[PDB]
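Protein chains in written order, with the authors' numbering: chain C, 174 to 255, 258 to 308; chain P, 160 to 215, 231 to 288; chain O, 160 to 215, 231 to 288; chain K, 132 to 293. All residues carry an ideal CB built from backbone N, CA and C; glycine is no exception. Okay, so here's the structure we're looking at.
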Amino acid sequence: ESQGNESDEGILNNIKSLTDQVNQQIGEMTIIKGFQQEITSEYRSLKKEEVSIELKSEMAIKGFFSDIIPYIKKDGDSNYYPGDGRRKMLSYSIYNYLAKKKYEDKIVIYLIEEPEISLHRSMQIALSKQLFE
Amino acid sequence: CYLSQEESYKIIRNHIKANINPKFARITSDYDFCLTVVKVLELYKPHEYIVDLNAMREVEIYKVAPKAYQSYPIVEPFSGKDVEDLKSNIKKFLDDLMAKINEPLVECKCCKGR
Amino acid sequence: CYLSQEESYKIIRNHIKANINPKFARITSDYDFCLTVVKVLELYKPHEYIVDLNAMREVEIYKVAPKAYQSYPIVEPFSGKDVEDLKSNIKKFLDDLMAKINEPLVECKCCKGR
Amino acid sequence: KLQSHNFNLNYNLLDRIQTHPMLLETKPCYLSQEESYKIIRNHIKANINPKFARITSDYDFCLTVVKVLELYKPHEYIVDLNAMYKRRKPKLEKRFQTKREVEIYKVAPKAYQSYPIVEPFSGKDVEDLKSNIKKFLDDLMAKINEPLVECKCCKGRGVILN
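Quick look at the structure:
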């Protein structure tokens, strides 16, 4: 939905080149080349089909967009983490973010059923403020 | 007698990387499937960032690829009636290509490179 | 006025890229987190690969990172008494460093490159 | 003298019509693609010196022989067994290597990965074809049996005849 300028297009093409090089570098390893060469022979012995078996990274084939996910990064810390309550809270902000700018052409009705399940009481008050204030 | 499509690309890359002048041009994308060398739209060469600490539009020139890849221009296979004729042709094309890439930047006149 | 780690790495990278001699050395990894320079163990520069077609050990000098990354050496943050002391210290550091990069290869005698 | 050839061979389709089958042998001939690869693979297996060079991958679709060269000073470096995964902390380990192996010759009977396709053997005569095969066969073997020590004067870099 967002607009893509020329600079973003250049970055998009640059990433595709980087992922392609990643797949090319994987095929250059000895242990990778050794396995896929012999597993090809095993397959050929199984069935006289003219095919070859290659080991490629799935993301480098589908593209970076395929497996991009949000990471809750605490400030001052270089580690990236997939806590649990913060995941529930941030999952609501995605709903908050979408509510602002996703469905501008339809009436959106939210059916929120038992939000308090496995939710800390401080987070319940936070959700209460979102719903009514 | 003509060289292969991939072999034609291989020699240009290896020779461009050889005589490339960082003063005028820079190589950005250097991959087995694509190549992109751009100019350095920037002032005199020695010790600029150093005087910066003391104080306190990018343009592509050549884009080639052995095979159809993204929007990269396709490479052309060096074809010559005689092998020495091919050798003369391959050299002349390269100097013509690479004198272009090392050509000093225009002074920019009105806007003074700003 | 002591320069911090990150921008100290920046000026070396920008200086190395700007004035390098591709005939003598090349940059393998050029990233904001690491930088690697290697030596071209290969002959005279003009058209070596273009003549052998008619007939038909890697070494690194400088490795540096602004922050701890893999096995790259940590860049030292430039320090000095004043601005001109930094400028003098930075200048001499770059030249002696980059003379090592652009130093012509050793013929190495008995192997004669083989 | 007859053909006296175990390996079968082919001729041009157009030039067979005007000739006699007994007169085919003296005419120009070419070998089969897979046959050419099979000849090279079989000879290499029987003729390479195990100490000088090592064959890494021999298959019906690919063939790779690398040159083993011994560094006089035993090379020492550090490897990481956790380098395949980014998240966990690195763990270093010492390894000594003495035989540095470089790829020298590789070929395939047909297009497979990046392997170069073997060219068929051609000759103006069946005996001329045999000599061409023998000469190329000896050339490849000679490249394989090159001596191997690294230069004390020229530390690193490459090899010197010994």
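With a cut-off of 8 Å, does the C-beta of residue 226 (chain K) fall near any C-beta of chain A? The structure shown contains no chain A; the protein chains it does contain are C, P, O and K.
Ends of the alpha helix (DSSP H) at residue 269 (chain P)? 257 to 275
Beta carbons nearer than 8 Å to chain C: which residues of the segment 213 to 245 of chain K have them? 243 and 244
Tell whether a beta-carbon distance below 8 Å holds between residue 194 (chain P) and residue 172 (chain P). yes
For residue 229 (chain C), which of C:300, C:182, C:206 and C:243 has the nearest alpha-carbon? C:206
Which chain P residues are close to residue 186 (chain C), counting only those with a beta carbon under 7 Å from its beta carbon? 244
Where residue 177 (chain O) meets chain P, residues with beta-carbon distance less than 7 Å: 181 and 204
Between the segment 244 to 256 of chain O and the segment 249 to 256 of chain K, do at least 3 Cβ pairs fall closer than 8 Å? no
In chain order, what residues of the same chain lie with their CB nearer than 6 Å to the CB of residue 237 (chain C), ignoring the 5 residues before and after it? 188
Can you name the start and end residues of the alpha helix (DSSP H) that residue 307 (chain C) belongs to? 296 to 307
Please list the partners that residue 288 (chain O) has in chain K, where partner means a Cβ-to-Cβ separation under 8 Å. 288, 289, 290 and 291
So what does DSSP say about residue 152 (chain K), is it helix, strand or coil? helix
Between P:288, P:209 and P:287, which has its C-alpha nearest residue 168 (chain O)'s C-alpha? P:209
Hey, out of K:133, K:198 and K:225, whose CA is closest to residue 205 (chain K)'s CA? K:225
So who's on the other strand from residue 254 (chain K), going by DSSP bridges? K:160
Could you work out which residue in C:266, C:264 and C:203 is closest to residue 188 (chain K) when comparing CA atoms only? The residue with the shortest Cα to Cα distance from residue 188 (chain K) is C:203.
For residue 180 (chain K) and residue 292 (chain K), I'd like the C-alpha separation in whole angstroms. Rounded to whole angstroms, residue 180 (chain K) to residue 292 (chain K) spans 16 Å at the Cα level.
Rounded to whole angstroms, what is the Cα-Cα separation between residue 271 (chain O) and residue 264 (chain C)? 52 Å
For residue 233 (chain K) and residue 185 (chain P), the rounded distance between their alpha carbons: 32 Å
By DSSP, does residue 256 (chain C) sit in helix, in strand, or in coil? Residue 256 (chain C) cannot be placed in this structure, since chain C goes from 255 to 258 without the numbers between.
For the alpha helix (DSSP H) holding residue 191 (chain K), just list the boundary residues, first then last. Premise fails: residue 191 (chain K) is in no alpha helix (DSSP H) and is neither H nor E.
Between residue 197 (chain C) and chain P, is any beta-carbon pair separated by less than 8 Å? Residue 197 (chain C) counts as touching chain P.
Contacts that residue 163 (chain K) makes with chain C (C-beta to C-beta distance below 9 Å): Correct list: empty, because the minimum Cβ distance to chain C is about 17 Å.
What did DSSP end up calling residue 211 (chain K) once you bin it into helix, strand or coil? strand
Does the beta-carbon of residue 240 (chain O) have 16 or more other beta-carbons within 10 angstroms, so that it is buried, or is it exposed? buried
Using a C-beta cutoff of 8 Å, does residue 190 (chain P) count as contacting chain C? True, the Cβ-Cβ gap to chain C drops below 8 Å.
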